[PDB]
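S.K.: One structure coming up, written as C-alpha cells, with questions to follow.
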Amino acid sequence: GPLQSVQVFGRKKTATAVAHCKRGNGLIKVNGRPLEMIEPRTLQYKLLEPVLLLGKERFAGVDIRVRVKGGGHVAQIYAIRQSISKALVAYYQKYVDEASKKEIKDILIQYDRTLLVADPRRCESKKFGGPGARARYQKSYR
Amino acid sequence: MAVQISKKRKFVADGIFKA
Amino acid sequence: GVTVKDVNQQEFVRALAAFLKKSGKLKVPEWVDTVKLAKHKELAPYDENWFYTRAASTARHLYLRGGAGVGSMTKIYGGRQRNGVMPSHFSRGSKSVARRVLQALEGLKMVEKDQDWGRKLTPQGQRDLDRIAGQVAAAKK
Amino acid sequence: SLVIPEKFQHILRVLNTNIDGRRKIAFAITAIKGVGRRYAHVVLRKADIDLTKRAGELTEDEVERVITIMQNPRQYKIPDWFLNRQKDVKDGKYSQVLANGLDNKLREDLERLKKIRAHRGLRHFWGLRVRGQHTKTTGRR
Amino acid sequence: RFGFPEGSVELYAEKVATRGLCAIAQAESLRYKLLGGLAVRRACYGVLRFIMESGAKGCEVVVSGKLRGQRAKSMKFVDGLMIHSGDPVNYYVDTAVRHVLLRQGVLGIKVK
Amino acid sequence: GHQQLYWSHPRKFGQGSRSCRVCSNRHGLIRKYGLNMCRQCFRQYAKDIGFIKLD
Amino acid sequence: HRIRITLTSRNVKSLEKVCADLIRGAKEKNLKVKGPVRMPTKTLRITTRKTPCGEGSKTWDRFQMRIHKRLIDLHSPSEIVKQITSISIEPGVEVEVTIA
Amino acid sequence: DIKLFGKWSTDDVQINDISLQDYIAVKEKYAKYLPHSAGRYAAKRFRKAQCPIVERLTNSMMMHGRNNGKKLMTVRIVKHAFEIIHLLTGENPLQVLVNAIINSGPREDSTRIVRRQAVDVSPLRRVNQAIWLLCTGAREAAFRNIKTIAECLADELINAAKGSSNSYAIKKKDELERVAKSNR
Amino acid sequence: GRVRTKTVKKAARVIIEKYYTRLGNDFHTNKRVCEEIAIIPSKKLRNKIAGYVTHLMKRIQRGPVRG
Amino acid sequence: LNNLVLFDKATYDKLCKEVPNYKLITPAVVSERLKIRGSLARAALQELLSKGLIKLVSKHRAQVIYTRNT
RNA sequence: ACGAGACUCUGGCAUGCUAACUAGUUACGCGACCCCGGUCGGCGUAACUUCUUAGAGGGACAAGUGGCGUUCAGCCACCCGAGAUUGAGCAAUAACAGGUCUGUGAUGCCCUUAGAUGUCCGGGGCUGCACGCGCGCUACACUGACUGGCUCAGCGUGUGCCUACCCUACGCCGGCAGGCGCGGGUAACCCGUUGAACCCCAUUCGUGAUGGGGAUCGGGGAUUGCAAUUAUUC
C-alpha cells in the first residue's frame, strides 16, 4: 500500500556509495550483484560486518540496492560498508521506533565507529620543493 | 565569434586587453 | 532464474570460452599463433586458444555496458608497459585482436553494431550468456 | 608419469650449442644465440609440440624438427617481421640468423662500417658508445 | 591596434575624486617632482605631507637607487598606520612602483 | 636572390617561431590558455589580467 | 520561447546579484523560469617560478583565476528578455542570450 | 558470535604475561574479522595499543619499499600463516601469536646516558619490538629462498611461541638483553 | 596551541564591563549577544570572543577578577 | 642447488611413503626435503590430491596448502 | 602600532535553505534476457534534490565534564560531536656588494657600429670523454617475474590574433608503432560513466646471474618535420 524508501550514502576517501532501502525480501546487492562476489575477495567479511553483527532478521523486511562511485577498491568497500548500515539505521529511524534503531546503531558503533561516521581524512595536497605533501627532495651540500 | 573563441581563452584575452 | 552479474566472472569467462570453443564457428585468423596481444606484453599468451577466452571476456564486457568499439576494448585490456629503465606507463592492448574479436562475436551472431558506433549484444547472445550463467550458478552446488 | 624417462639427454647439442636438458623447451633453446623467449615460443607453436615438457623429454626426431623450423622459419610460415636479419644487404634475404652465423654476420656489419670509414664504425673501432649517448659521465670502464 | 569596428569604441577621460589616495597618481606626481630637479628629501615629504592631509590612514614612500653617490641607497619615508600581511592588504593599501630616469642612473619610486 | 634567402628558413614551430607579446623574448613562454607572455612578463601582469594568488 | 541566458563571470557576488536581478525581472513580469543553474567553477592555474633567473631556492607562484558560470532558462517572449538583460549590469558579468 | 577469518575464535586464548595484558589487544572488543581497519590508531599517543595485534602484524609486514601500501598482500600472508601454524601445531594460532609477543619482546634494553647504561623497556615498546623482530625474522628468512613468507612467518611465530632460539626474533631479543646485562 | 590573543581578550573584557547584565554561562546565547552589541567582522573571532566571555563569566561567578 | 627436474625410481618411492605422513604439505616444503625443483613438487602434490592421499586446505596463486587424511 | 594572530583560498559536516534536458535519483510505462521476481550506463515521461553542481547560511569556542597551576594564562584525558591542531597563500624593522644588464622599447657609463659584437642565410657545435662530483630513474627478485582473467579514481587540458600547430569517439586495413575513410566537442553537452596502474584472482617458473635485471649492440619497420647521421621519438 504505502511507499517506504530511504536513499542514504556512505563516504570514504573520494568514494560515494548510495544504499537505497525499500520493503520486500532479504537481498542486499551493490550495482546489482550479490555481496559474496564484489572484488576484492580479501575484504569479504568487511561487507558482511553489518550482515553478521545484526543477522538477516534485521535485513529480512528490507532489500537494499547500492551504487558505488569514486575512490579505489578498498575505499569503495568502506563506502558500501558504511552506506547499507547508515541506510538501515535511517530505515529503522523512519518506519519503526527509535528503540529498534538505537539497539542497531549501538551494535554498529560499539563494534566499529566507521560504520556510521564518515572518516574525514583526504589525500593532503602536494607542495613544490618535494615529491609530495611533506617529503622534500635530497638536499646536496658539497 | 566567427572562429568561435573558448570561454577560458575569452577571460584571459579580456584581461590581456585591460593589461 | 539467474543472470551473468549474479555469477562469479572469473569462472564465467572459462565456461563461455569453452562454449565458443565447443560451437567451433568463431573464426580465429591464422596469425593467432604468432601474435602477442600488446606492446606492453613481453611474450605470446601461455594458453594456446586465447582468442576464445578474449571473445568470452569481450562478450561479457559488451553485456555490462553497450556501444564499446575497438579503441574502448584496447583500453579495457590496456596495462602497464615496463618501458625498460625509464619508468613504466599505461599502454593500450592490440587494436587488431580487439577488432577481429568484435568481427568474430558478430560472425557467430552474439553482437551487432550499436547506433552511435560500437558493438552491443543481440538478444540471442544475451540469452547465451544468461543460460551459461544458469550452468555456472548450478555448477557451484 | 612425472619420473625421469630413459634416454633423457641432460645436455643436448642443438646448433653446436650446449642446451641444458633440465629447462622448459621454450626457455632451453634460448641458450642458442639468435633465439630468445619470444622467438622460441613461436617456433614451438609451428613445431606442434606440448611445450610443457622439459628439454630432455622430447625425442631426437622432434628436436631435429625444432632445428629445421628455426633454420627455415619463413618456409614453415613465421612472417618476415618476426626475424632478426630482415632485408639483408648482401642477398636481399629475410632469415633468422643463429649463433655462429649471427657472430660472423655481426663481425661483417661492423667490418663493413670500418671499411667504408662511416662515423658508426669509427665509434666501434675506438671502443665508444655510438647511439647518440652522452659519454661525459657514463660508460666508465 | 585592437581591431574594434570603425566608430564602435568611445574613450572618456573623467577625473579621480580625492587624488591623494591613488598610489600611481602620487608615484607619477613624485617622479615628475624628481625629474623636475627637486631634492629627493623635499619631494618625498611633499607627497607624504600631501596624502596625510588628503586623508590617508598611513603612507610609505621609498626611493631606492643612487642619491648623491655611485652607491645604491634606499630613502624610506613613513608615517601613520601601515599593514603588510594577509588579505586586507589586497583592498586597504594602494601600492605603486614607478621608474624615473635621472642623468646618472635609474631611481625607483615605491608609493604605498 | 637575397629577397628569396633573407627570411627563407621556416618559422612554423619551435620557440624561435613564437615569442612574448610583451617581452619579445624566445624563453620562459606561457602558452597555456593563449597567454603567449613571458614567465617574468606574466608575473608582472598576473594581477591586471585577473590572476589572484590564493593557494 | 524557451530562451536560455548564459551568465559567466570572474567575480561571484557581481554575477550572484545579476542572476538574482534577472530572476526578479522574470517574476516582476510573472513568466515561468528554471532557477539559477550553477555550472561548475573553472580554476585556470599558472604555476610559474618566482625568480626572473634561477639563482634562489626553488619557489613557485601558484596563480588561480576562477570563472563562475550560471544559466537561467525562461519560457518568455524575446522582447521582454532583451528589455530585462539591458537593466542594471556591471563590468564583472558577461551575458549571452540563446533564442532556441 | 564466531570470529577472526570466519574460523579462529577469541575466547580460547589467554595472555600469560600480565605485563602485556593491556598492550596485546586480541580479546572480546579487539575481535575483528579481518586484520584490516581504517583505525586512525596512529593519531594520539597510545591508541596504537587498542589495535588488534593481528592488524599490527599485518601492517608491520608490508616493508622494504616495494611492499609499502600492499596491506592485502600481508592480510593474505597472515591468513595463510595461521593456516600453517594451526596445521603444524593444532592450536588457535592467535595463542601462538600472543605467546610469540610475550616471549620475543626484550625486557631490558641499553641506551646512551661513556658506554650505554641499561634501562627497562615500556610494555608498549616491548610489543612494538616483539612484532618488529618476528616480522624481520620472516622477511629476512624468506629473502632469496624457495620458501614463502606464509611458511617463514609461521616458522618464526612457532619457534617464538616455544623460545626455540632458531627464532631470529628470540635470538636478537636475548642478544639485546645480553648487551643490556653487560652495562649494569 | 590554543592561547587567545589581545584582540580576543580586550574585546571580551570591554563586552562584559559594559554588558554584564545580558551575559550568562551559555556559549550559544553569549555568541548571539556579541552579534547584537558589537560589530565583530569575523565568525571565528566572534566565537573566540564569546568563548572567552563564557570563561570570564565562570571566573566572575567565583571571586573577583583583576582586569 | 643441484635439484631434480623429474623423479627417480628412488625419490618417487620416498615421496609416496613420507609426504602423505606430513601434517603441513606445501610445494616449498616437499621441494626443500626431497631435493627437487618447486615446479616438479607442484605437479607431484596435484597428482597426490588426484590419488586422494592428501587434503587441500587453501589453494591460492601464491600459497597452496595440503594435509594428511587420518 | 607593524610582524604573530585575525585574515583570504582550501579540507572535512549538514536528508536543513535556493536550485537544475550541459547533473542526476526514485517511481511509472514500453522493451531485451533468465525460472512471480531478477538484471539493464536499454528507451520514454511523473515527482524529487539523497548522491551532483555552487550559492547563501549554520557549525567549533578548550564550548561540556574530570585532573595538577592565585585555580591566573593554560595544559592533559574523556563524553557529545562531521571534525577537539586540514593544508596552503599573505608575511615586520633593518640588512646582503646574494642573483638577474642573457625577461623587457627598465636603464647610467664604457665598448662595437658596415671586413659588425647589428642582422640574415647554410653548416657544425652547445651531447665532444682516461677521470672527479651533484639531483635522478631502473634494478638486484619467489611480499617476485611472466600470461590471462577481474575491477575501482581525482586534478585536469583540448580547434589558437599574429600563430602555422587542438582533444578524440566511431568503421576497415596492419603483428605493431601506424595508416586510412568517417563524426563529436571552442566543452558538466564530445573524447568520457575518463573501464589508469599498483592492488585482486588463476596458470607457468624454482634459488640458477634464472622466465631476475634490461645496459650495450646488429638488422628491419612507422610517425613529426625543410632536414634526424653524432642513431628526434615510437
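All residue names refer to the C-alpha cells as shown: chains lettered A, B, ... in order, residues numbered from 1 in each chain, ligands numbered from 1 in order.
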Determine, counting only C-alpha atoms (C1' of nucleotides), which protein, DNA and RNA residues have an atom within 12 Å of an atom of residue 175 in chain K; residues of the same chain fewer than 2 positions away are not included. Present the result as a VMD selection string.
M.R.: (chain C and resid 29 to 39 44 94 to 97) or (chain D and resid 78 to 82) or (chain K and resid 177 to 178 221)
S.K.: Find the residues near residue 88 in chain C: any atom within 10 Å, counting only C-alpha atoms (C1' of nucleotides), skip ones fewer than 5 places away on the same chain, and give them as JSON, numbers by chain.
M.R.: {"C": [40, 79, 80, 81, 82, 83], "K": [138, 197]}
S.K.: To test your reading of the structure, identify every residue in chain E that backbone DSSP assigns to helix (DSSP H, G or I), and report it as a PyMOL selection string.
M.R.: chain E and resi 19-21+23-34+40-54+87-90
S.K.: Counting only C-alpha atoms (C1' of nucleotides), a student should be able to say which residues of chain F come within 8 Å of chain K; what is the right answer, written as a CSV table (one decimal) with N, CA, C and O atoms, in the first residue's frame?
M.R.:
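Saved to out19.csv:
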chain,number,residue,atom,x,y,z
F,5,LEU,N,66.4,34.4,-50.0
F,5,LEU,CA,67.2,34.0,-48.9
F,5,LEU,C,66.7,34.6,-47.6
F,5,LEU,O,66.4,33.8,-46.6
F,6,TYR,N,66.6,35.9,-47.5
F,6,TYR,CA,66.5,36.8,-46.3
F,6,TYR,C,65.7,36.2,-45.2
F,6,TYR,O,66.2,36.3,-44.0
F,7,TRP,N,64.5,35.6,-45.5
F,7,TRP,CA,63.6,35.1,-44.5
F,7,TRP,C,63.1,33.7,-44.9
F,7,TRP,O,62.0,33.3,-44.5
F,8,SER,N,64.0,33.0,-45.6
F,8,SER,CA,63.7,31.6,-46.3
F,8,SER,C,63.3,30.6,-45.2
F,8,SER,O,62.3,29.9,-45.3
F,9,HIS,N,64.2,30.5,-44.1
F,9,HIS,CA,64.2,29.5,-43.1
F,9,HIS,C,62.8,29.5,-42.3
F,9,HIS,O,62.5,30.5,-41.7
F,10,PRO,N,62.1,28.3,-42.3
F,10,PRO,CA,60.7,28.3,-41.8
F,10,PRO,C,60.6,28.6,-40.3
F,10,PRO,O,61.4,28.1,-39.6
F,12,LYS,N,57.4,28.1,-38.4
F,12,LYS,CA,56.1,27.5,-38.2
F,12,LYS,C,55.9,26.7,-36.9
F,12,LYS,O,54.8,26.4,-36.5
F,13,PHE,N,57.0,26.5,-36.2
F,13,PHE,CA,57.1,25.7,-34.9
F,13,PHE,C,58.4,25.9,-34.2
F,13,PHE,O,59.4,26.4,-34.9
F,18,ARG,N,57.6,31.3,-32.1
F,18,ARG,CA,56.7,32.1,-31.2
F,18,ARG,C,57.6,32.9,-30.3
F,18,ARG,O,58.8,32.5,-30.1
F,22,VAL,N,54.6,40.7,-24.9
F,22,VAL,CA,55.2,41.9,-24.1
F,22,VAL,C,56.7,42.0,-24.4
F,22,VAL,O,57.1,42.9,-25.1
F,23,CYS,N,57.4,41.0,-23.9
F,23,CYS,CA,58.9,41.0,-23.7
F,23,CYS,C,59.6,40.9,-25.1
F,23,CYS,O,60.7,41.5,-25.2
F,24,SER,N,59.0,40.3,-26.1
F,24,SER,CA,59.5,39.9,-27.4
F,24,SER,C,60.7,38.9,-27.3
F,24,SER,O,61.6,39.0,-28.1
F,25,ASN,N,60.6,38.0,-26.3
F,25,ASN,CA,61.7,37.1,-25.9
F,25,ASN,C,61.3,35.6,-26.3
F,25,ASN,O,60.1,35.3,-26.2
F,27,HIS,N,62.0,32.8,-24.7
F,27,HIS,CA,62.2,32.0,-23.5
F,27,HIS,C,61.1,32.2,-22.4
F,27,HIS,O,60.4,33.3,-22.5
F,28,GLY,N,61.0,31.3,-21.5
F,28,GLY,CA,60.0,31.3,-20.4
F,28,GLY,C,58.6,31.6,-20.9
F,28,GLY,O,57.9,32.4,-20.2
F,34,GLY,N,46.2,30.4,-24.4
F,34,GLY,CA,46.6,31.5,-25.3
F,34,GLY,C,47.0,32.8,-24.5
F,34,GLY,O,46.4,33.8,-24.8
F,38,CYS,N,55.8,36.2,-21.4
F,38,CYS,CA,57.0,35.6,-20.8
F,38,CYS,C,56.8,35.4,-19.3
F,38,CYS,O,56.0,36.2,-18.7
F,39,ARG,N,57.4,34.4,-18.7
F,39,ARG,CA,57.2,33.9,-17.3
F,39,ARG,C,57.5,35.0,-16.3
F,39,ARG,O,57.0,34.9,-15.1
F,40,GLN,N,58.4,36.0,-16.7
F,40,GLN,CA,58.7,37.2,-15.9
F,40,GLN,C,57.5,38.2,-16.2
F,40,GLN,O,57.1,38.9,-15.3
F,41,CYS,N,57.2,38.3,-17.5
F,41,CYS,CA,56.2,39.3,-18.1
F,41,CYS,C,54.8,39.0,-17.4
F,41,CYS,O,54.2,40.0,-16.9
F,53,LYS,N,46.7,35.4,-6.4
F,53,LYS,CA,47.4,34.3,-5.6
F,53,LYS,C,46.6,34.0,-4.4
F,53,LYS,O,46.2,35.0,-3.6
F,54,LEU,N,46.2,32.8,-4.2
F,54,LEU,CA,45.3,32.3,-3.0
F,54,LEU,C,45.9,31.0,-2.4
F,54,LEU,O,46.0,31.0,-1.2
F,55,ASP,N,46.2,30.0,-3.3
F,55,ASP,CA,46.7,28.7,-2.8
F,55,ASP,C,47.6,28.2,-4.0
F,55,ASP,O,47.2,27.5,-4.9
S.K.: Please identify all polymer residues within 8 Å of range 119-130 of chain D, counting only C-alpha atoms (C1' of nucleotides), omitting same-chain residues fewer than 2 positions from it, and present them as a PyMOL selection string.
M.R.: (chain D and resi 110-114+117+132-133+135+139) or (chain K and resi 216+230-231)
S.K.: Using C-alpha atoms (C1' of nucleotides), can you export the residues from the last selection as a PDB file, in the first residue's frame?
M.R.:
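The file below, selection.pdb, is the result:
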ATOM      1  CA  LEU D 110      80.916  -3.613 -38.039  1.00  0.00           C
ATOM      2  CA  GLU D 111      83.778  -4.521 -40.517  1.00  0.00           C
ATOM      3  CA  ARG D 112      81.598  -3.018 -43.350  1.00  0.00           C
ATOM      4  CA  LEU D 113      81.290   0.324 -41.419  1.00  0.00           C
ATOM      5  CA  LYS D 114      85.082   0.164 -40.530  1.00  0.00           C
ATOM      6  CA  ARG D 117      85.078   4.822 -42.840  1.00  0.00           C
ATOM      7  CA  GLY D 132      73.785   9.279 -29.525  1.00  0.00           C
ATOM      8  CA  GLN D 133      74.647   8.909 -25.785  1.00  0.00           C
ATOM      9  CA  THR D 135      79.936   9.834 -22.888  1.00  0.00           C
ATOM     10  CA  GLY D 139      80.379   4.292 -19.977  1.00  0.00           C
TER      11      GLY D 139
ATOM     12  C1'   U K 216      75.352  -2.101 -24.930  1.00  0.00           C
ATOM     13  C1'   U K 230      76.618  12.481 -33.778  1.00  0.00           C
ATOM     14  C1'   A K 231      71.017   6.718 -34.026  1.00  0.00           C
TER      15        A K 231
END
S.K.: Could you please tell me, as a VMD selection string, which residues of chain H have an atom within 10 Å of chain A when using only C-alpha atoms?
M.R.: chain H and resid 1 to 2 4 to 6 29 to 40 72 to 73 75 to 76 79
S.K.: Take the residues that were just selected and, keeping N, CA and C atoms, output them as a CSV table (one decimal), in the first residue's frame.
M.R.:
chain,number,residue,atom,x,y,z
H,1,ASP,N,29.5,-13.6,18.7
H,1,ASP,CA,29.4,-14.6,17.6
H,1,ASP,C,30.8,-15.1,17.3
H,2,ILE,N,31.0,-16.1,16.4
H,2,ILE,CA,32.3,-16.7,16.0
H,2,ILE,C,33.0,-15.7,15.1
H,4,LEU,N,37.6,-14.7,13.9
H,4,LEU,CA,38.5,-13.9,13.0
H,4,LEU,C,38.3,-14.2,11.5
H,5,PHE,N,39.0,-15.1,10.9
H,5,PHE,CA,38.9,-15.4,9.4
H,5,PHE,C,37.6,-16.2,9.1
H,6,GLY,N,36.6,-16.1,9.9
H,6,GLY,CA,35.4,-17.0,10.0
H,6,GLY,C,35.7,-18.2,10.8
H,29,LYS,N,36.6,-7.2,22.6
H,29,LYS,CA,36.3,-6.0,21.8
H,29,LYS,C,37.3,-5.8,20.7
H,30,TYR,N,38.5,-6.4,20.7
H,30,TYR,CA,39.5,-6.4,19.7
H,30,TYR,C,39.5,-7.6,18.8
H,31,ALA,N,38.4,-8.4,18.9
H,31,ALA,CA,38.0,-9.5,18.0
H,31,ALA,C,37.3,-8.9,16.7
H,32,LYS,N,38.1,-8.7,15.7
H,32,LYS,CA,37.7,-8.2,14.3
H,32,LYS,C,37.7,-9.4,13.4
H,33,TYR,N,37.0,-9.4,12.3
H,33,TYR,CA,37.0,-10.5,11.3
H,33,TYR,C,38.4,-10.5,10.5
H,34,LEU,N,38.7,-9.4,9.8
H,34,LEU,CA,40.0,-9.2,9.1
H,34,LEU,C,40.9,-8.4,10.0
H,35,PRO,N,42.2,-8.5,9.8
H,35,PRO,CA,43.2,-7.5,10.3
H,35,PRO,C,43.3,-6.4,9.2
H,36,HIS,N,42.2,-5.7,9.0
H,36,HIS,CA,42.1,-4.5,8.1
H,36,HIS,C,41.0,-3.6,8.7
H,37,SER,N,41.5,-2.4,9.1
H,37,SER,CA,40.6,-1.3,9.7
H,37,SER,C,41.2,0.1,9.3
H,38,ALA,N,40.3,1.0,8.9
H,38,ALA,CA,40.7,2.5,8.8
H,38,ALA,C,41.5,2.9,10.1
H,39,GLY,N,40.9,2.6,11.2
H,39,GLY,CA,41.6,2.8,12.5
H,39,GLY,C,41.7,4.2,13.0
H,40,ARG,N,42.6,5.0,12.4
H,40,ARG,CA,43.1,6.2,12.9
H,40,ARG,C,43.8,6.0,14.3
H,72,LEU,N,46.8,-5.9,1.6
H,72,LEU,CA,46.1,-7.1,1.2
H,72,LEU,C,47.0,-8.2,0.9
H,73,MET,N,48.2,-7.9,0.4
H,73,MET,CA,49.4,-8.9,0.3
H,73,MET,C,49.7,-9.5,1.6
H,75,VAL,N,47.7,-9.1,4.7
H,75,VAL,CA,46.4,-9.7,5.2
H,75,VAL,C,46.4,-11.2,4.8
H,76,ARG,N,46.7,-11.4,3.5
H,76,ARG,CA,46.8,-12.8,2.9
H,76,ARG,C,47.9,-13.6,3.5
H,79,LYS,N,46.9,-14.7,7.0
H,79,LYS,CA,45.8,-15.7,6.8
H,79,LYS,C,46.4,-17.1,6.5
S.K.: Rounded to one decimal, what separation in Å do you get between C1' of residue 218 in chain K and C1' of residue 232 in chain K?
M.R.: 21.0 Å
S.K.: Which residues come within 12 Å of residue 11 in chain J, counting only C-alpha atoms (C1' of nucleotides), excluding same-chain residues fewer than 2 positions away, as a PyMOL selection string?
M.R.: (chain D and resi 2-4) or (chain J and resi 3-9+13-19+30-31+33-36+40-41+44)
S.K.: So which residues touch residue 27 in chain J within 10 Å, counting only C-alpha atoms (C1' of nucleotides), skipping near sequence neighbours fewer than 2 positions away, as a PyMOL selection string?
M.R.: (chain H and resi 146-148) or (chain J and resi 25+29-32+36-46+63-66)
S.K.: Using only C-alpha atoms (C1' of nucleotides), determine which residues lie at most 12 Å from residue 41 in chain E, disregarding the query and same-chain residues fewer than 2 positions distant; provide the list as a list in words.
M.R.: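 What passes the distance filter is residues 30, 33, 34, 37, 38, 39, 43, 44, 45, 46, 47, 48, 49, 61, 62, 63, 67, 68, 74, 75, 76 and 77 of chain E.
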S.K.: Can you list, as a PyMOL selection string, every protein, DNA or RNA residue that comes within 9 Å of residue 50 in chain G when you count only C-alpha atoms (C1' of nucleotides), leaving out same-chain residues fewer than 4 positions away?
M.R.: (chain F and resi 39-40+43) or (chain G and resi 58-61)
S.K.: Okay, now the selection with C-alpha atoms, as a tab-separated table (two decimals), in the first residue's frame?
M.R.:
chain	number	residue	atom	x	y	z
F	39	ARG	CA	57.17	33.90	-17.31
F	40	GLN	CA	58.66	37.21	-15.94
F	43	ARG	CA	54.39	37.54	-13.21
G	58	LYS	CA	63.13	26.80	-5.97
G	59	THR	CA	59.96	28.80	-5.03
G	60	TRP	CA	56.84	28.94	-7.31
G	61	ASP	CA	53.88	31.38	-7.64
S.K.: Using 9 Å as the limit and counting only C-alpha atoms, can you tabulate each residue of chain B that touches chain G, with its shortest atom-to-atom distance in Å and the two atoms involved, as JSON lines?
M.R.:
{"residue": "B:7", "atom": "CA", "partner": "G:8", "partner_atom": "CA", "distance": 8.7}
{"residue": "B:8", "atom": "CA", "partner": "G:44", "partner_atom": "CA", "distance": 7.5}
{"residue": "B:11", "atom": "CA", "partner": "G:10", "partner_atom": "CA", "distance": 7.9}
